[PDB]
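See structure below.
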């Protein structure tokens, strides 16, 4: 329950992405392992769904790291402004 | 203890025959390995010790190895004549021959020499006689000798000891 | 000749290869394996490398074929392919 | 320096001294294995700190004949690291198997284990393609003899399919060696890669395809794998570690070595586009066949194949940002799979068997060995700030620039499935118990846990270890600084 | 010399008539006997023939020495092969031809 | 030096009839055992053909390893 | 008929793929890019005028070592797979007496000759392995023509490991200078070296390593057939 | 194509064919040994230069006239590789009939 | 008296579980080819 708060301060203070998904995965794990004390079927459903969300975000960040080349989140808004003037409806 | 150097002598002379260009700067190595092969297993050639060095005996055997080979060539040409195109059909034989030979290597030598004469294949030597897969049966069902089925190799193998 | 005996040896190796797996008797399969080691040793020698020919002679003739029948000793001898009431089920 | 050539000679002399002391008594047989693998860690650590001292590997010569006419042991930045980690894992196995395998004739098991260590330091140090084959067959017959060493029917058949499949793969590998030699005429990979650009475009394709094929069979991807979740299920418990830790990594490295030795020819791109597809086909099938799995040793056996498949996923994709991070998975998954088969082995030797019915209830019954399985099963999906999380993130980001979003959405699909069959296992050992039998096991309560604190330090400090694989990726990324550091 | 050039011809016609004799036999036993006859004495004829081929020809004489070694070795090893082939062939059935008498070995088994 | 070679090839494929046909379990065995001695006599013959002193060194080694094989094939048949 | 014919189709396309892939050269001369160095520098760099015994023990020096590792691992693997503490023969079913006496006298005739093969890797082809395998054949002749012939195991595998150690102690005392360096013909370490270049003073270093490796592989297969001819 | 190429690849072919379609286990091991034999036959038949020939004499025959000194060292291990692998697999072929009751691949059920 | 279930007999329907009836695509088909493989009827069949 304290690991979850360090996930929570991590996603909010995330200005890059490699701090973002790390903190998001830590948060998902801490919340799961908190609700992983009884009624396992209720717990594992949350874990499978939130890992699918975390890892589909890993898929989306794989595509937006491929198509652009760079990983840094502050500058990646600038290059989306650069092509602001068929592969992005998936993103 | 003397049979050990007997096995050494036989292994040494086979090494002498096996290497055409025997060099004195090579022979110490084969003499060494014949010695270690002897002291490995010299409990094998125990044909009554070393006492086979008789000058009558080895001259007897080397004078009668062409006797052997003449029997082989004549008998094998005879069984070559047995292959007639519709005719000369061989019937098998089961006929037996008794021996009086000790020195069990003599039983080996009789079995090998009878296997090298016209087709007389040995099967299942017992301690009293031999059993021969003979050729076309016209001599006898039981043979009280050996000269009717084979040549008398029994007299020369009687003096291998 | 030169090449005709080579074709004879190689087709004999092939006909001892096909007939090494068509039989059901496993002792006969060891016979076919030993004949394949024969023609392999002759082909090694005819292709002028005597080291591999004598090594494969000392390995495939009575240490690969005579270890295999040595293993079928306390095992099956047939395919055992079977007439019958409850058979091929 | 050739003084560090004892990575092969010292296991060799000790494996030829152990049948010399097998008739001298019974006492110093199994304690002869521990002191020698401790000496193996010493001779590995010598090479390890000598390789990362300078920027030059030790070109361990095979005598007074410079390459390519001889054999060179290019103990690169890769090789000293992997010889070190196999030395420390084998030393963790030798202090484990002293009182866990004595059911069967350990009179001759020690030489079989140490010859596997010989095939280890031979396979991730080889320079000749011939020596590559020979050391792989040493490891292969080691595995033939040692997955069969239980003699219980289900374990007898567990070797059989592997001996006939490793026989057919080694056969195909020798055909591929005969064809690569048939075009070039050379064997050493130093003189091979500088030559294999214009040998023949139609001869190098079949030779490279069959070499990658026959080297894959002893390793695992999709066709030639199902002996492996039959080998881990039926073997002595310490060698299930040494197979799942080591033997998958040597095959996957030597496949990904020689594949990046011919990175100029045509038809190679279709070969790596097959190897991507088969690696993705093995992260799905292996890590989804563990879902309805009953035997818990099989439930980890399927998991170890799915982790090596995603190593194959990034070991042959591009050149960088993931080959040097693919090694970051091989030196990391060996430790966490050392933890798994320790806990399964200790359950199977304490309680008996590996069925879930005699695995259930280990929260209060067993001590913190169950916590070691907990902190190991946490680190395969890589949820917290742990090391498989760092490594799997490096591999999924590696599959971006080339071969994207289909060879991601299957390996990353499997970690969703692998999320299921661990927390159907950690739940039924911590919160279902109803059985307070103390059963003290304080002989590995510290040693597995100091290993379990080794994955907690790499989990918070990857940058003291991720700087190693940058300079340890330089043995696989390129050919030119590799060749010029040989000739 | 030239006598070797005729002796190896004699040994190779012996080889070919041996192999013709292998297929021109009705049952197992006569097939086994004539094959182990005529493919092992013409053998030694060929080998000593190749030795005296190399008596003056060849290089000097030393092929004859290896020839007499392999000939004297081949002479005593094939009888034991033929015996152990025949003796095992009597067990597990394997009947014989229409011979005059075959029973004397069978009766001296069942003499008890 | 040359004609004998084709005669031995004629001999060995003429001995092939016994291993292809032949209903018994041991006629194949008498086929292989005779096939080794004719090829030993072939292997001595090529020493003349290539004029090499070392080519007899494989012939006598193969003259051993037939005989061990045919004892071992014909020993399980008896026991 | 489905499985056999479909396998013949796929194996025909495999063989056609290899035969199209075998279009390198029709048995031509241009093959040695490094192989000419093995031939032109074999009479003066090792001492053995033999080609193959100098390339596989001196040049590719870690490949007969992996070979004896493989054979020793086959021995210890079959010995670990078959272990019952009883080790009796089958029924022994004697059968013949010109066979037991036949392989009796013939047993030192192969023991003399198998040693001749591995001592001579200089002018004769081969090496340690055919001589060791026919030493194992002689062991098999005495093992398949007697009613027990159990060579004592305690004292049998000792000399096998001793011979493998004798290989590696030539590598370890070879580490007194460099990697291998032969220890025997180029420096007067224990005796002389490089007398002429024929079959005299045993060339260089290659004969004694073949005596030791031939002794190792000689006791190799004999142990395998020993512990595989043991029932309950 | 030359007879050695076709015969060495057809021995590998028959050894491969005896792994797929055959059902008895020892027949499969016969296919493994046959295929290894054809493999080392191909391993020799790569370097024949069609001509000059004495690999081991170097005394009566001049040098630079021997055949292929590289694959003769590749085959000296790769043959006894096959007999060691076959001797290893034969032990499992004995144990599978000792512990279980048969030796057919469709009947061995764990 | 001795009623077996409460809901133990009634099973759950399933999407792709019929693929386990597809296992006999490779086993030997259990038929007798009557021309001409005979059956050998019982020793006391009524005739």
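Below are the figures for this structure:
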read-out	value
The stretch D:410-424 versus the stretch G:121-160: alpha-carbon centroid distance in Å	55
Angle between chain F longest axis and helix F:27-50 axis [Cα atoms, degrees, rounded to 10]	10
Peptide ranges D:330-341, I:14-25, A:58-69 listed from the most packed, as the mean C-beta count within 10 angstrom indicates	D:330-341, A:58-69, I:14-25
Inter-label distance for residue D:461 and residue G:27, nm, one decimal - labels placed 7 Å from Cα along Cα-to-Cβ	6.7
Label point distance in nm, residue C:75-residue I:11, each placed 7 Å from Cα along Cα→Cβ	3.9
Distance from the stretch D:91-112 to the stretch H:7-82 (C-alpha centre basis), Å	38
Sorted peptide list for D:435-445, D:470-480, G:216-226, criterion being average Cβ within 10 angstrom, highest first	G:216-226, D:470-480, D:435-445
Ranking of B:96, H:107, G:195 by count of other Cβ atoms within 10 Å, fewest first	H:107, G:195, B:96
Computed E for residue A:73/residue D:358 - FRET, C-beta separation, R0 56 angstrom, nearest 0.05	0.65
Amide N of the stretch G:90-109 lying under 20 Å from the label point, which is placed 7 angstrom from the Cα of residue B:128 along Cα→Cβ	G:94-98
Chain H - percent relative contact order, Cα under 8 Å, separation 6 or more	26
Degrees between helix B:2-18 axis and first principal axis of chain B (Cα, 0 to 90, nearest 10)	80
Inter-part distance where the stretch G:214-232 and the stretch F:1-66 are each reduced to a Cα centre, Å	30
Spin-label pair residue B:60/residue D:435, simplified geometry with 7 Å Cα→Cβ offset, distance in nm	8.6
Ascending count of other beta-carbon atoms within 10 Å, so fewest first, for F:44, C:87, G:158	C:87, G:158, F:44
Helix-only CD estimate at 222 nm, as mean residue ellipticity for chain E, using -39500 (n - 2.57) per DSSP H run (n ≥ 4)	-24500 deg cm²/dmol
For chain G: relative contact order, % (alpha-carbon pairs under 8 angstrom, 6 or more apart)	28
Between helix D:31-51 and chain D: long-axis angle, C-alpha atoms, 0 to 90°, nearest 10	40
CD proxy at 222 nm, helix term only [per DSSP H run n ≥ 4: -39500 (n - 2.57); per residue of chain F; nearest 500]	-23000 deg cm²/dmol
Sites residue H:100 and residue G:156 - FRET efficiency at Förster radius 41 Å, r taken between beta-carbons, to 0.05	0.80
Mean ellipticity per residue at 222 nm, deg cm²/dmol - from DSSP H runs of n ≥ 4 across chain G, formula -39500 (n - 2.57)	-17000 deg cm²/dmol
Label-reachable residues, the stretch B:96-126, where backbone N falls under 12 Å from a point 7 Å from residue B:142's Cα toward its Cβ	B:96-98
Exposure proxy ranking, count of Cβ atoms within 10 Å, fewest first, for D:186, D:202	D:202, D:186
FRET efficiency, 1/(1 + (r/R0)^6) with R0 56 Å, evaluated for residue D:39 and residue I:3 via beta carbons	0.20
Exercise: per-residue mean of other protein chain Cβ atoms within 10 Å, F:46-52	6
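Counting neighbours? That spans all protein chains shown, and the Cβs are built from the backbone with ideal geometry, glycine included. Where a number appears in this text, it was derived from the coordinates with a stated rule and is not lab data.
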